[PDB]
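The structure under discussion appears below in the form of structure tokens.
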Amino acid sequence: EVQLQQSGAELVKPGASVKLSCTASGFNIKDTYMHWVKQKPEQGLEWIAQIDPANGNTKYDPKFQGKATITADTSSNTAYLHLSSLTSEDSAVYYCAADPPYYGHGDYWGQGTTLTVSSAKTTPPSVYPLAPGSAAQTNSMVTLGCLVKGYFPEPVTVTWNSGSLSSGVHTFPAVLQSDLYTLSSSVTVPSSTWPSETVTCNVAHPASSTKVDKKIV
Amino acid sequence: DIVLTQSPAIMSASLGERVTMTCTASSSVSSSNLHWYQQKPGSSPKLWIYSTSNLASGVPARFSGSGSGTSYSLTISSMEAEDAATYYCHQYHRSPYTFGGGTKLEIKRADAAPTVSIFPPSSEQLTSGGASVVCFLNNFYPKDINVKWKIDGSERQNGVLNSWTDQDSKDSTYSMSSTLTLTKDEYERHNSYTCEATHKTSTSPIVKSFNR
Ligand SMILES: C[N+]1(CCc2ccc(NC(=O)CCCC(=O)O)cc2)CCCCC1
């Protein structure tokens, strides 16, 4: 399988720098052109730099004026992207891409490397249960939720009863409110499975290593 | 910097319908150096059409491409559910190489009103020293909707944060969540909390609230 393998997710503080790597297998990078493309959260695509591994020649979009440095090592079949003076506008997914290495096929893109630049510290999410107030009126069906607030960094893992409920579930995209993320989830079940059968909310934070379960009552 | 402009920005096509989107460049580029990419949330952009009119490996024959100079387009003879995505045109003609702003293709379905549900701050949360009021508006169509928070007859604008989900894979509907976050006191210091959702499915708004 011809493929481009990129280094892992990056979490850096502003002012710092970070070097991303991309290793090709299936072809020699010296026989094509290697690039790095950037995609900001829920945004578009931007080409950053290009390099010819055969002679080390590079091309840069003037906007990444000497903040981005592209290099390549034919011996390890690897291309790199160095980014200095990291700011939040630098947070994004970075893809390395190869021009078609062989006649008969298209280009090659890596899995992407997510870079997050924040000053925030690791903070566990606080999970709160969302259940109907005193009275209730819907018949046949009911909706319950969960509030995951003030956590960093992404992501959090929410499931209802360990994957038991995989229908009628709505876990919304987190939101950044002053360096911290907050998200909420809802699920709907027939009023015949609740409140008799327990419905649980399981939110886990990979970073702070927190695992909390919120029972909807 | 050859700028590429894609029209339309967003669009919906009922199943089986014919679709067409355009890409226009600030200056002319070779038709051989103009390509289109398809991207779905969470994965890398994938080559869809290369050199203006050629289909990439595995791309369905219902797709086509055409153009030269500064005007190009992508077409789907018949809309199918898996066509739903964001398509970007790209010029690899002169550097800096650029991409268009993209065209998001969504699925058109029969309108459906929003199922609203509001919730008050948990004591767990209240004792922590804060108060968040949440309101879900689930499974509706189209995506167009407005949400208002009326804290004691005096709409609260600031402190509200929303989040929308992508078009649902099963029913092709949308959903939204609004969260009003006040402080400890601010919340109990009032007692009328309302979530008002106005959706094109009905003139009469949908309201939900609670007291204390
Ligand atoms: C890496 N790339 C590749 C541009 C490009 C794409 C495709 C082709 N050529 C083909 O795809 C031919 C495919 C042949 C086939 O599928 O039969 C040439 C350049 C240029 C820099 C920015 C990111 C995209």
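Ligands are numbered from 1 in the order shown, residues from 1 within each chain, and chains are lettered A, B, ... in the order they appear in the structure tokens.
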Q: Let me have all residues with an atom within 10 Å of ligand 1, counting only C-alpha atoms and all ligand atoms, laid out as a ChimeraX atom specification.
A: /A:32-38,45-50,95-109 /B:32-37,45-51,54-59,90-93,95-99
Q) What lies within 7 Å of region 189-193 of chain B using only C-alpha atoms, ignoring chain neighbours under 2 positions off, as number ranges by chain? A) B: 150-152, 185-187, 209-212
Selected residues written out, N, CA, C and O atoms, as a short mmCIF file (atom, residue, chain, number, x, y, z; two decimals), in the first residue's frame:
```cif
data_model
loop_
_atom_site.label_atom_id
_atom_site.label_comp_id
_atom_site.auth_asym_id
_atom_site.auth_seq_id
_atom_site.Cartn_x
_atom_site.Cartn_y
_atom_site.Cartn_z
N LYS B 150 -35.17 34.15 27.23
CA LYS B 150 -35.92 35.20 27.91
C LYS B 150 -35.84 35.05 29.43
O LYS B 150 -36.65 34.35 30.04
N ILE B 151 -34.85 35.70 30.03
CA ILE B 151 -34.66 35.66 31.47
C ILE B 151 -35.51 36.74 32.13
O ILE B 151 -35.08 37.90 32.24
N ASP B 152 -36.71 36.36 32.56
CA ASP B 152 -37.65 37.28 33.22
C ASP B 152 -38.15 38.37 32.26
O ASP B 152 -38.09 39.56 32.59
N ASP B 185 -25.93 33.02 41.85
CA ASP B 185 -27.03 33.91 42.22
C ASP B 185 -27.90 34.34 41.05
O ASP B 185 -29.12 34.15 41.08
N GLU B 186 -27.27 34.92 40.04
CA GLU B 186 -27.97 35.39 38.85
C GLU B 186 -29.13 34.49 38.45
O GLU B 186 -30.18 34.97 38.03
N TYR B 187 -28.93 33.18 38.59
CA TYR B 187 -29.94 32.20 38.22
C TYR B 187 -31.15 32.06 39.15
O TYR B 187 -32.29 31.97 38.69
N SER B 209 -40.30 26.41 29.01
CA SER B 209 -39.79 27.12 30.17
C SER B 209 -40.07 26.40 31.49
O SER B 209 -40.70 25.34 31.52
N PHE B 210 -39.58 27.00 32.58
CA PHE B 210 -39.75 26.46 33.93
C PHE B 210 -39.61 27.61 34.93
O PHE B 210 -39.12 28.68 34.57
N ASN B 211 -40.01 27.38 36.17
CA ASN B 211 -39.93 28.42 37.19
C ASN B 211 -38.95 28.15 38.34
O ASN B 211 -38.49 27.02 38.53
N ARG B 212 -38.63 29.20 39.10
CA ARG B 212 -37.72 29.12 40.24
C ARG B 212 -36.27 28.88 39.82
O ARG B 212 -35.39 29.66 40.23
#
```
Q: Using only C-alpha atoms, find the residues of chain A whose closest atom to chain B is at most 9 Å away, then write them as number ranges by chain.
A: A: 43-49, 59-62, 95, 105-112, 126-133, 143-145, 147, 170-175, 177, 183-186
Q) For the atom pair CA of residue 14 (chain A) and CA of residue 121 (chain A), what is the interatomic distance in Å to one decimal place? A) 12.5 Å
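Across the model, the gap from CA of residue 187 (chain A) to CA of residue 204 (chain B) is 26.1 Å.
Using only C-alpha atoms, the contacts of residue 84 (chain A) at a cut-off of 10 Å, with sequence neighbours closer than 6 positions omitted, comprise residues 14, 15, 16, 17, 18, 19, 66, 67, 68, 69 and 90 of chain A.
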**Q.** One-decimal distance in Å that lies between CA of residue 118 (chain A) and CA of residue 91 (chain A)
**A.**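 CA of residue 91 (chain A) sits 8.3 Å away from CA of residue 118 (chain A).
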Q. Quick one: DSSP helix (DSSP H, G or I) residues in region 29-206 of chain B, as a ChimeraX atom specification?
A. /B:31-33,81-83,123-128,184-188
Atoms to include: N, CA and C atoms. Write the selected residues as a CSV table (one decimal), in the first residue's frame.
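The file below, out29.csv, is the result:
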```
chain,number,residue,atom,x,y,z
B,31,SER,N,-6.2,23.7,-17.9
B,31,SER,CA,-7.3,22.8,-17.5
B,31,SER,C,-6.7,21.5,-16.9
B,32,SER,N,-5.4,21.3,-17.2
B,32,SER,CA,-4.7,20.1,-16.8
B,32,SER,C,-4.3,20.2,-15.3
B,33,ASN,N,-4.1,21.5,-14.8
B,33,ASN,CA,-3.7,21.7,-13.5
B,33,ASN,C,-4.9,22.1,-12.5
B,81,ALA,N,-27.2,9.6,-1.7
B,81,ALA,CA,-26.8,10.0,-0.3
B,81,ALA,C,-25.3,10.1,0.0
B,82,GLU,N,-24.5,9.2,-0.5
B,82,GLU,CA,-23.0,9.3,-0.2
B,82,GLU,C,-22.3,10.4,-1.0
B,83,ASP,N,-23.0,11.2,-1.8
B,83,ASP,CA,-22.4,12.3,-2.6
B,83,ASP,C,-22.3,13.5,-1.6
B,123,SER,N,-28.2,20.5,40.8
B,123,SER,CA,-27.7,21.0,42.1
B,123,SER,C,-26.3,20.7,42.2
B,124,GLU,N,-25.9,19.6,41.5
B,124,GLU,CA,-24.5,19.2,41.4
B,124,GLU,C,-23.8,20.4,40.9
B,125,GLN,N,-24.3,21.0,39.8
B,125,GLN,CA,-23.7,22.2,39.2
B,125,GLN,C,-24.0,23.5,40.0
B,126,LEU,N,-25.2,23.6,40.6
B,126,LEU,CA,-25.5,24.7,41.4
B,126,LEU,C,-24.6,24.9,42.6
B,127,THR,N,-24.3,23.7,43.2
B,127,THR,CA,-23.4,23.7,44.4
B,127,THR,C,-22.0,24.0,44.0
B,128,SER,N,-21.6,23.7,42.8
B,128,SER,CA,-20.3,24.0,42.3
B,128,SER,C,-20.1,25.5,42.2
B,184,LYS,N,-24.1,31.6,40.0
B,184,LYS,CA,-24.8,31.0,41.1
B,184,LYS,C,-26.1,31.8,41.4
B,185,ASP,N,-25.9,33.0,41.8
B,185,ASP,CA,-27.0,33.9,42.2
B,185,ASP,C,-27.9,34.3,41.1
B,186,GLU,N,-27.3,34.9,40.0
B,186,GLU,CA,-28.0,35.4,38.8
B,186,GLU,C,-29.1,34.5,38.4
B,187,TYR,N,-28.9,33.2,38.6
B,187,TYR,CA,-29.9,32.2,38.2
B,187,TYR,C,-31.2,32.1,39.1
B,188,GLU,N,-30.9,32.0,40.4
B,188,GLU,CA,-32.0,31.8,41.4
B,188,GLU,C,-32.6,33.2,41.6
```
For residue 25 (chain A), list every protein, DNA or RNA residue within 10 Å, evaluated using only C-alpha atoms, and leave out those in the same chain fewer than 5 positions away; present the list as a short mmCIF file (atom, residue, chain, number, x, y, z; two decimals) with C-alpha atoms, in the first residue's frame.
```cif
data_model
loop_
_atom_site.label_atom_id
_atom_site.label_comp_id
_atom_site.auth_asym_id
_atom_site.auth_seq_id
_atom_site.Cartn_x
_atom_site.Cartn_y
_atom_site.Cartn_z
CA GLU A 1 0.00 0.00 0.00
CA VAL A 2 1.47 3.29 -1.10
CA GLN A 3 0.92 5.60 1.86
CA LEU A 4 1.97 8.69 3.77
CA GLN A 5 2.41 8.32 7.53
CA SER A 76 14.44 8.02 5.59
CA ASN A 77 11.94 8.83 2.84
CA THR A 78 10.62 11.53 5.12
#
```
Q: Rank nothing, just name the residue among B:137, B:197, B:131, B:74 nearest to residue 87 (chain B), using only C-alpha atoms.
A: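 Smallest distance to residue 87 (chain B) is found for B:74.
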Q: Compare B:10, B:207, B:21, B:107 by their minimum atom-to-atom distance to residue 63 (chain B), counting only C-alpha atoms, and give me the closest one.
A: B:21
Q) DSSP says strand (DSSP E or B) for which residues of region 124-212 of chain A? Put them as an MDAnalysis selection string? A) chainID A and resid 126:130 141:152 157:160 165 169:171 175:176 181:190 199:205 210:212
